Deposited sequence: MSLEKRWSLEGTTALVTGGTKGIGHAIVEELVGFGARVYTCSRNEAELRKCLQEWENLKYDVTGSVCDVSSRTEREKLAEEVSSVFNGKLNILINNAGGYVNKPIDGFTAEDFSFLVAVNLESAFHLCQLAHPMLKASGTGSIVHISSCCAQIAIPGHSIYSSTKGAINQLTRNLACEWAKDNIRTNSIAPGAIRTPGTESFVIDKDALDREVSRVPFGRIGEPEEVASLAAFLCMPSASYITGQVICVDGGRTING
């Protein structure tokens, strides 16, 4: 019973107002965690917390563009204050997406994706390291993507930033193991989110369907539990078999 619980744990989830992030918030709360989340949109963030606070859920938030270093430093300080410098769980879920042929990418496109997909997760880990160490039971989960192992038209820079994230998972896993912190990455296939609302792909999925947000969030919760205590440095695809055909 204790191996499969997150009771007494504190968690930060970037980009919890919609999509996968929102499902991760609810899954973690469902298992006993206290969650701090963020978004760039005050109104929806605000709405999201009212809902959760109606429902018994200890969720806290503030507006953060995790594409801003200054903002990131800001988020980390507030998180540290709320949780008194102890954090069990960091989920780097917030990201960005640009779909263009390689010829079409601009300098702004490139810096945009690198900042929100790679530099964001990296610096937040740096910022959260003291608090994760203080937890004595740290878990970092990055939301990667399955296209970091295959070539999908238009995904070049986006997949490259996600492939950098997968490697960073390895380095975090080994460097911070001595602080009892585990790091893993979840690589989703196509998931129905507000991000993706914005036949060819599904024809390539053996299950013949796109993913649901809870099919990703459930593994995010699992990787944070005591039952996952020997799983670290892994990249796990949640794609209905999409990458292997």
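Trainee: Given the full deposited sequence, which segments carry no C-alpha coordinates?
Mentor: Those parts of the chain that were deposited but carry no coordinates are 1-3, 202-209, 257.
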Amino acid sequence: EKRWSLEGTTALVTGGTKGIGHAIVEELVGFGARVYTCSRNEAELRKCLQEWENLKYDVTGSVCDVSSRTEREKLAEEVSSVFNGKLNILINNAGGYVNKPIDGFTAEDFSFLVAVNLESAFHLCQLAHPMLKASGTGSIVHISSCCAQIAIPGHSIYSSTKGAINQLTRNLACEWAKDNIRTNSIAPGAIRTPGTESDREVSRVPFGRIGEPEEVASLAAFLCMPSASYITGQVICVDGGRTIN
From here on, numbers count along this sequence of modelled residues.
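Trainee: Do the CA atoms of 166-174 or those of 86-94 have the higher mean B-factor in the entry?
Mentor: Between 86-94 and 166-174, it is 86-94 that shows the higher mean C-alpha B-factor.
Trainee: When the C-alpha temperature factors are averaged for each of 18-26 and 230-238, which stretch ends up with the higher value in the entry?
Mentor: The deposited B-factors put 18-26 ahead on the C-alpha mean.
Trainee: Quick one: which of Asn184, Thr193, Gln50, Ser218 shows the highest Cα temperature factor in the PDB entry?
Mentor: Result of the comparison over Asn184, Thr193, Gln50, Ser218: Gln50.
Trainee: Among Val79, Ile102, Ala148, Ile152, single out the one with the highest C-alpha B factor in the record, please.
Mentor: Spelled out: the listed residue with the top C-alpha B-factor is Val79.
Trainee: Going by the entry, which third of its chain does the Cα temperature factor of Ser135 land in?
Mentor: Tercile = highest for this residue's CA B-factor.
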